[PDB]
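Undergrad: Here you go, one structure.
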Amino acid sequence: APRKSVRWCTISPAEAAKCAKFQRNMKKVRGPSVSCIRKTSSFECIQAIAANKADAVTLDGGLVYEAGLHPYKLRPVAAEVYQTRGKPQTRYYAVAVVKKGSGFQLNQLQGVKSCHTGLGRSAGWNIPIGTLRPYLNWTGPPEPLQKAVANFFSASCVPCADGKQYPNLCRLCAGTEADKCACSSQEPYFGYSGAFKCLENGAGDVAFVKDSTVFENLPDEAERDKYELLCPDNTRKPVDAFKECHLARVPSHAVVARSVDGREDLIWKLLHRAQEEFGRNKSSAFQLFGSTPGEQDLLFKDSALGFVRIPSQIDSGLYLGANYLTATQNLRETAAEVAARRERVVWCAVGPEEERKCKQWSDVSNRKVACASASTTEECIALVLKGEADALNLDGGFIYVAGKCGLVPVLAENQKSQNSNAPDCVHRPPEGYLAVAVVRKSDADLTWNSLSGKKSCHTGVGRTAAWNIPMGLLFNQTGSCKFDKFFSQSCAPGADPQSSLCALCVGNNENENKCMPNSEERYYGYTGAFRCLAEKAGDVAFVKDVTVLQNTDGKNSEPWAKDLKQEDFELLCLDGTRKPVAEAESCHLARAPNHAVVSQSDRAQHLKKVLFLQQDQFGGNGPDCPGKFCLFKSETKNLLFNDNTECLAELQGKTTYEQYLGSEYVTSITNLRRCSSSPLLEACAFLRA
């Protein structure tokens with residue numbers, strides 16, 4: 001038997017008002033239960049939630065950002081969806097309206113009366129001010145943005161703005177006595193609709209509202225045309241025309257709750273039913289997405305198909321997305337820094353081992369490449385999708401993912417084939433390493449059929465290196481998903497600490513990071529992949545050819561395999577035979593795409609560029625290489641970049657993840673995820689949609 005009530009908080013009184021009905025009505029059907037908590041406004045409302053008293057409630061982009069933060073830390077459980085022409089979406093165009101004829105356009109905005117939905121809201125501020133910013137006569141954050149804005153225009157009415165110190169900004173407002181400039185319904189002109197009025201009534205000459213404002217208000221095609229629409233091309237365009245005309249695009253409004261014990265579960269069901277039982281067009285009793293004539297969008301935006309549950313993992317930053325995220329910091333960050341933050345790179349590291357390395361690179365490159373590391377690799381990706389990163393090397397195994405999260409491949413990795421070896425590589429098309437299986441000269445009582453439940457050595461879960469290919473085969477070999485029981489004891493980082501799969505790991509010296517997919521744990525990756533059956537803890541190992549050769553026979557000083565033999569271990573061919581490590585090529589599971597760098601679509605080129613320089617500085621023939629740092633060098637461990645890799649090269653007419661990895665590798669890995677499902681991916685799936 002579930003829980004109590006969802007104390008949804010409120011801005012205006014009218015807000016508390018219309019809410020109540022909701023409350024009432026609800027009971028009539030007997031589903032969930034709420035309780036409209038009376039309070040100041042959204043902003044304040046936020047705090048209320050972060051101080052038990054409240055929880056559920058919708059917030060505009062701009063807010064959300066502010067929402068999930070230092071002391072509040074609140075995450076959007078669900079975003080509301082809107083149709084309105086086109087198809088159901090969960091994002092919207094940020095635009096600028098005005099009255100027909102006027103004369104100015106985007107840039108000429110200076111010296112006029114504006115209109116803003118509310119101070120802060122992405123819609124009527126963040127983007128607006130942001131896009132205009134360039135020409136403004138302001139520097140960095142210390143000196144309030146308000147001021148800047150304030151005396152850029154002639155005047156205006158920015159609800160939440162401060163009239164105290166600031167004049168104009170709260171001038172054009174229509175608020176009655178002291179009800180003027182209220183960050184809630186009270187002061188009229190607050191909201192998308194209201195703000196529209198601001199211009200309609202002549203006070204303001206330009207309004208910055210939603211891609212579907214007017215429409216809502218002005219039905220009769222007639223009047224409607226009386227106003228035009230501003231497009232960043234420094235010209236005007238028809239109202240309905242916001243596809244190529246619009247300042248920006250932002251994520252839809254979404255209800256936010258607490259990070260932990262914020263009653264997530266509850267909330268969902270609450271809206272869930274309510275948005276079906278009394279959502280849009282349903283019973284007459286109450287109208288969910290429909291506020292009174294008075295003020296519009298109350299509780300939730302006015303007219304919006306319904307809402308959709310945001311995936312557990314999606315966090316503030318994440319949801320808003322980089323695009324937004326980044327042009328929503330300049331307003332709190334100086335002008336100088338911006339530039340810096342732009343041109344320059346931030347590599348994402350995995351495991352402190354790497355972290356340390358990463359660090360080095362900074363000072364050497366003179367900070368040009370700054371750093372930021374995460375725990376799991378997946379964790380690193382996020383950050384890039386969040387923008388806190390910039391880009392990082394990557395296994396193809398996950399490259400799939402990254403791609404699916406939008407980012408794409410930049411340059412790739414070029415090993416070293418002993419032929420006409422030297423510098424060519426830079427453009428020399430990368431072949432790709434090969435998937436093979438290694439056992440011992442001893443235990444020859446094993447074939448690719450005999451395997452069953454031996455001692456599986458995996459570099460890590462869901463990776464080109466090992467896991468992926470074989471596992472694929474295991475599903476093409478057998479139609480069963482359970483790879484857990486399939487093999488008795490093993491070590492495949494990224495899996496359950498108490499699973500047959502992860503099992504056999506060994507953490508650190510002081511037995512720390514155990515099963516942890518990263519440097520620390522000594523059983524993750526290539527190097528560690530051998531240390532499995534090498535010291536005899538593991539059995540058949542899953543690595544590429546070279547692996548063996550980069551340790552056995554004096555190719556690694558570390559205790560364990562400082563003298564093992566190459567001829568010792570064997571490959572476990574497909575038909576069922578065997579081969580030596582020396583003789584690879586024929587006895588090869590398959591060809592594996594090379595690892596590579598990846599970034600945010602837009603942040604490509606530059607990145608690449610920068611990288612080349614650095615690659616020109618301390619790489620294979622890199623002049624300053626051993627004199628300071630050898631980019632690719634990672635004390636026989638393969639940190640950030642591999643170790644064999646001699647250079648970074650482009651992609652022969654293939655920049656999609658479908659193209660780089662090829663339709664074969666690709667379609668397959670999907671099939672492998674049909675069982676084991678990823679959250680990050682899952683996220684992206686909703687996010688990218």
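By convention here, the chains of the structure tokens are called A, B, ... in the order presented, each chain's residues are numbered starting at 1, and ligands are numbered starting at 1 in the order presented.
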When you look at region 337-347 of chain A with a cut-off of 6 Å (counting only C-alpha atoms), what residues show up, excluding the ones that are within fewer than 6 positions of it in the same chain? I need them as a list in words.
TA: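 Result of the neighbour search: residues 368, 369, 370, 371, 389, 390, 391 and 392 of chain A.
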Undergrad: Each residue of region 151-211 of chain A with at least one atom at most 10 Å from region 112-118 of chain A should appear once, together with its nearest atom pair and the corresponding distance in Å (one decimal); atoms considered: only C-alpha atoms; ordering: chain, then increasing residue number; output as a Markdown table.
TA:
```
| residue | atom | partner | partner_atom | distance |
| --- | --- | --- | --- | --- |
| A:152 | CA | A:112 | CA | 8.7 |
| A:153 | CA | A:112 | CA | 5.4 |
| A:154 | CA | A:112 | CA | 5.0 |
| A:155 | CA | A:113 | CA | 5.1 |
| A:156 | CA | A:114 | CA | 4.9 |
| A:157 | CA | A:115 | CA | 5.9 |
| A:158 | CA | A:118 | CA | 5.1 |
| A:159 | CA | A:118 | CA | 4.6 |
| A:160 | CA | A:118 | CA | 5.8 |
| A:161 | CA | A:118 | CA | 7.7 |
| A:168 | CA | A:113 | CA | 9.1 |
| A:169 | CA | A:114 | CA | 9.0 |
| A:171 | CA | A:113 | CA | 9.9 |
| A:172 | CA | A:113 | CA | 8.0 |
| A:173 | CA | A:115 | CA | 9.2 |
| A:181 | CA | A:118 | CA | 8.8 |
| A:182 | CA | A:118 | CA | 8.8 |
| A:183 | CA | A:118 | CA | 6.7 |
| A:184 | CA | A:118 | CA | 8.6 |
| A:189 | CA | A:117 | CA | 7.1 |
| A:190 | CA | A:117 | CA | 5.3 |
| A:191 | CA | A:117 | CA | 4.5 |
| A:192 | CA | A:117 | CA | 5.2 |
| A:193 | CA | A:117 | CA | 8.0 |
| A:194 | CA | A:117 | CA | 7.1 |
| A:195 | CA | A:117 | CA | 5.1 |
| A:196 | CA | A:115 | CA | 7.5 |
| A:197 | CA | A:115 | CA | 8.8 |
| A:198 | CA | A:115 | CA | 6.0 |
| A:199 | CA | A:115 | CA | 6.7 |
| A:202 | CA | A:113 | CA | 9.0 |
| A:203 | CA | A:113 | CA | 7.0 |
| A:204 | CA | A:113 | CA | 4.5 |
| A:205 | CA | A:113 | CA | 5.4 |
| A:206 | CA | A:114 | CA | 4.9 |
| A:207 | CA | A:115 | CA | 4.5 |
| A:208 | CA | A:116 | CA | 5.8 |
| A:209 | CA | A:117 | CA | 6.8 |
| A:210 | CA | A:117 | CA | 9.4 |
```
Undergrad: Which residue, A:515, A:119, A:19, A:681, has the smallest gap to residue 402 (chain A) when you use only C-alpha atoms?
TA: A:681
Undergrad: Give me, as a list in words, all polymer residues having an atom no more than 6 Å from region 58-73 of chain A, counting only C-alpha atoms and skipping those fewer than 5 positions away in the same chain.
TA: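 My list of contacting residues is residues 50, 120, 121, 122, 253, 254, 255 and 316 of chain A.
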Undergrad: Restricting the output to N, CA, C and O atoms, write the selected residues as a PDB file, in the first residue's frame.
TA:
```pdb
ATOM      1  N   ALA A  50      13.652  21.701  -1.518  1.00  0.00           N
ATOM      2  CA  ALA A  50      14.946  21.286  -0.980  1.00  0.00           C
ATOM      3  C   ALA A  50      14.946  21.387   0.522  1.00  0.00           C
ATOM      4  O   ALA A  50      15.966  21.182   1.170  1.00  0.00           O
ATOM      5  N   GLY A 120      15.267  35.372 -15.667  1.00  0.00           N
ATOM      6  CA  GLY A 120      15.811  34.052 -15.440  1.00  0.00           C
ATOM      7  C   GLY A 120      15.381  33.028 -16.483  1.00  0.00           C
ATOM      8  O   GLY A 120      16.238  32.421 -17.133  1.00  0.00           O
ATOM      9  N   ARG A 121      14.070  32.818 -16.640  1.00  0.00           N
ATOM     10  CA  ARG A 121      13.563  31.847 -17.610  1.00  0.00           C
ATOM     11  C   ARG A 121      14.423  31.875 -18.859  1.00  0.00           C
ATOM     12  O   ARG A 121      14.743  32.942 -19.411  1.00  0.00           O
ATOM     13  N   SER A 122      14.837  30.692 -19.276  1.00  0.00           N
ATOM     14  CA  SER A 122      15.666  30.598 -20.454  1.00  0.00           C
ATOM     15  C   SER A 122      15.043  31.458 -21.555  1.00  0.00           C
ATOM     16  O   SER A 122      15.678  32.390 -22.056  1.00  0.00           O
ATOM     17  N   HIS A 253       9.650  22.230 -20.554  1.00  0.00           N
ATOM     18  CA  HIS A 253       9.459  22.479 -19.117  1.00  0.00           C
ATOM     19  C   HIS A 253       9.377  21.115 -18.476  1.00  0.00           C
ATOM     20  O   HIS A 253       8.907  20.162 -19.110  1.00  0.00           O
ATOM     21  N   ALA A 254       9.820  21.007 -17.234  1.00  0.00           N
ATOM     22  CA  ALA A 254       9.782  19.719 -16.579  1.00  0.00           C
ATOM     23  C   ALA A 254       9.607  19.833 -15.085  1.00  0.00           C
ATOM     24  O   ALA A 254      10.096  20.775 -14.461  1.00  0.00           O
ATOM     25  N   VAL A 255       8.919  18.857 -14.508  1.00  0.00           N
ATOM     26  CA  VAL A 255       8.692  18.835 -13.072  1.00  0.00           C
ATOM     27  C   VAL A 255       9.942  18.373 -12.357  1.00  0.00           C
ATOM     28  O   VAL A 255      10.579  17.385 -12.732  1.00  0.00           O
ATOM     29  N   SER A 316      20.246  17.271 -13.958  1.00  0.00           N
ATOM     30  CA  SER A 316      20.022  18.614 -14.474  1.00  0.00           C
ATOM     31  C   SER A 316      20.828  18.878 -15.733  1.00  0.00           C
ATOM     32  O   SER A 316      20.321  18.778 -16.860  1.00  0.00           O
TER      33      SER A 316
END
```
Undergrad: Write out as a ChimeraX atom specification all residues of region 547-653 of chain A that DSSP puts in strand (DSSP E or B) for this structure's backbone.
TA: /A:570-571,579-580,590-592,596-599,647-649
Undergrad: Counting only C-alpha atoms, which residue out of A:287, A:450, A:577, A:586 sits closest to residue 435 (chain A)?
TA: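 Looking only at the distances to residue 435 (chain A), the closest residue turns out to be A:586.
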Undergrad: Skipping near chain neighbours, those fewer than 4 positions away, what residues fall within 10 Å of residue 506 (chain A) using only C-alpha atoms, listed as number ranges by chain?
TA: A: 491, 511-516, 520-524, 532, 537
Undergrad: Please return, as a ChimeraX atom specification, all residues of region 135-383 of chain A that DSSP assigns to helix (DSSP H, G or I) on the basis of the backbone.
TA: /A:145-150,191-200,213-217,221-224,264-277,316-320,322-326,335-342,351-365,377-383
Undergrad: Within 8 Å of residue 490 (chain A), counting only C-alpha atoms, which residues show up once you throw out same-chain ones fewer than 6 positions away? Write them as a PyMOL selection string, please.
TA: chain A and resi 455-458+500-505+538
Undergrad: Given the selection you just returned, output its residues as a file containing C-alpha atoms, formatted as a compact mmCIF listing (two decimals), in the first residue's frame.
TA:
```txt
# COMPACT_ATOMS: atom_id res chain seq x y z
CA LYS A 455 38.23 -19.42 -16.38
CA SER A 456 37.15 -16.55 -18.70
CA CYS A 457 39.55 -13.65 -18.93
CA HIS A 458 37.87 -10.45 -20.08
CA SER A 500 30.26 -15.41 -12.30
CA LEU A 501 31.32 -12.92 -14.96
CA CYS A 502 33.11 -10.38 -12.75
CA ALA A 503 34.10 -12.96 -10.16
CA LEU A 504 37.83 -13.69 -10.47
CA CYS A 505 39.18 -10.12 -10.32
CA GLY A 538 42.75 -17.09 -15.35
```
Undergrad: Would you tabulate, counting only C-alpha atoms, all residues of region 412-493 of chain A that have an atom at most 6 Å from an atom of region 647-660 of chain A, showing the closest pair of atoms and their distance in Å to one decimal, sorted by chain then ascending number, as CSV?
TA:
```
residue,atom,partner,partner_atom,distance
A:412,CA,A:649,CA,5.1
A:413,CA,A:648,CA,4.6
A:414,CA,A:647,CA,5.0
A:426,CA,A:649,CA,5.0
A:427,CA,A:649,CA,5.5
```
Undergrad: Near residue 276 (chain A), within 9 Å and counting only C-alpha atoms, which residues show up once chain neighbours fewer than 5 positions away are dropped, as a PyMOL selection string?
TA: chain A and resi 271+282+306
Undergrad: Could those residues be written to a file, using N, CA and C atoms, as a short mmCIF file (atom, residue, chain, number, x, y, z; two decimals), in the first residue's frame?
TA:
```cif
data_model
loop_
_atom_site.label_atom_id
_atom_site.label_comp_id
_atom_site.auth_asym_id
_atom_site.auth_seq_id
_atom_site.Cartn_x
_atom_site.Cartn_y
_atom_site.Cartn_z
N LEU A 271 0.80 12.40 -11.58
CA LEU A 271 0.57 13.01 -12.87
C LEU A 271 0.01 11.92 -13.78
N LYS A 282 -10.30 15.08 -21.78
CA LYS A 282 -10.95 14.11 -20.91
C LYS A 282 -12.25 14.63 -20.25
N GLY A 306 1.01 16.16 -22.69
CA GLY A 306 1.16 15.47 -21.41
C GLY A 306 2.63 15.47 -21.00
#
```
Undergrad: Can you pull out every residue within 8 Å of residue 619 (chain A), counting only C-alpha atoms, but drop anything in the same chain fewer than 4 positions away, and send it as a list in words?
TA: residues 614, 615, 623, 625, 630, 631, 632, 646 and 647 of chain A
Undergrad: Take the residues from that selection and put them in a file with C-alpha atoms, as a PDB file, in the first residue's frame.
TA:
```pdb
ATOM      1  CA  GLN A 614      50.287  18.034 -29.627  1.00  0.00           C
ATOM      2  CA  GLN A 615      50.640  14.867 -31.641  1.00  0.00           C
ATOM      3  CA  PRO A 623      60.838  16.020 -31.159  1.00  0.00           C
ATOM      4  CA  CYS A 625      58.790  13.451 -26.759  1.00  0.00           C
ATOM      5  CA  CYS A 630      55.629  10.863 -24.694  1.00  0.00           C
ATOM      6  CA  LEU A 631      51.962  11.329 -25.417  1.00  0.00           C
ATOM      7  CA  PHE A 632      51.252   7.771 -26.268  1.00  0.00           C
ATOM      8  CA  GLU A 646      52.291   5.503 -33.484  1.00  0.00           C
ATOM      9  CA  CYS A 647      49.934   8.321 -34.444  1.00  0.00           C
TER      10      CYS A 647
END
```
Undergrad: Would you mind telling me which residue in A:252, A:675, A:429, A:599 lies nearest to residue 385 (chain A) when using only C-alpha atoms?
TA: A:599
Undergrad: With distances taken over only C-alpha atoms, which residue among A:147, A:595, A:628, A:39 lies nearest residue 409 (chain A)?
TA: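 Closest to residue 409 (chain A) of all the choices is A:595.
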